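Take a look at this single chain in structure tokens; it is the form solved without the named molecule.
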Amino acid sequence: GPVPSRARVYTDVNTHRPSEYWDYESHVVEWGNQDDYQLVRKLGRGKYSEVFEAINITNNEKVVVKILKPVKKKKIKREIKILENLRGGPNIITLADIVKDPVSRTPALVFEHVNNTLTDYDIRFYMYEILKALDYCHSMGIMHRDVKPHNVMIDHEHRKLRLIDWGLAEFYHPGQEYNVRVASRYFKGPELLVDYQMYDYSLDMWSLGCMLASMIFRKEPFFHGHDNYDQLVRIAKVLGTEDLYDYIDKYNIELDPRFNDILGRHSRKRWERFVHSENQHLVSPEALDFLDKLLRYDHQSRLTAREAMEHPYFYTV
């Protein structure tokens, strides 16, 4: 079978905490009355959720209400426990309340309102704001597992950032085998794509690297896969096939036969080739060195959030 792996940072943070912290299945959720919130308008719709702008009638404050389609109760307990553990943390969305409408009885989460609205400095600034949230949640023993631009809200007028949608987040336990059907296709780490289950917080750093590459190069998404197998091929077209085989061999990973006719052979490309007239004002040696240190096949060889915060790319923030 596959070779075991563990996180280089915050490895045992949950092991040293009582089970009440991480045993979300045993968490008792107490649903308040949704009558204290008046729904104003529909903001958007997700896979098993509808998001509304609302007003808290007790204090006249605008909030956001996420009405969840309860397809999996254990998953709702997980998201609430994680939101409660992280409540008030730097750049983490604030869970304000947990309520149910008296008639429908549909689970609803109430969040702080974010008025969601670039230069080389703006990218360094906001990348540092995301790192504050990631180093915090990793220190809290939590992997987000769905880092992407849609899950990052920015109020640019107030230079405020929030990391949202904790629905795929999980608690990190060393040696635990996790479900690889996480994150969104363009941001899926190589470990998920090859079915390597013993992954960690480093999955989030790969996704952050995909975001940085798209911003500095103005190429959205950076790795444009059309399916999960193809997604690995798009990565291999940049990182090369030699280092992919070194990765699978290091961890004794069995490659799925679906990769046989599509993977091919690819050279490792240099980051400088993605620089063009339209993006050169956002690119620098420091930006490329930092990106190269995030986008690595081997999950263990990527910068941790703490390490990334010490990179020369952030000397100006």
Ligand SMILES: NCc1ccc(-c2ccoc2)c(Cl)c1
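All residue numbers are counted from 1 along the displayed sequence.
Keep in mind the form deposited with the named molecule bound is missing from the figure; the text below concerns it.
Problem set entry | Check all three, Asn60, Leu134 and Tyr201, heavy atom within 4.5 Å of the named molecule in the deposited complex | Answer is no for this spot.
For this session: Please check if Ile67 has a heavy atom lying within 4.5 Å of any heavy atom of the named molecule in the deposited complex.
Result: Answer yes; at least one heavy atom of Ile67 falls within 4.5 Å of the named molecule in the deposited complex.
Exercise. Does the named molecule come within 4.5 Å of any heavy atom of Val29 in the deposited complex?
Worked result: Although the named molecule is absent here, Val29 would stay clear of it in the deposited complex, with no heavy atoms inside 4.5 Å.
Exercise. Are any of the heavy atoms in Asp292 no more than 4.5 Å from a heavy atom of the named molecule in the deposited complex?
Worked result: Looking in the deposited complex, residue contacts with the named molecule do not include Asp292, since no heavy atom lies within 4.5 Å.
For this session: Please run the contact check for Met211 against the named molecule in the deposited complex: heavy atoms, 4.5 angstroms, yes or no?
Result: Yes.
Exercise. So which of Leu239, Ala96, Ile154, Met140 reaches within 4.5 angstroms of the named molecule in the deposited complex, heavy atom to heavy atom?
Worked result: Only one listed residue qualifies here, and that residue is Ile154.
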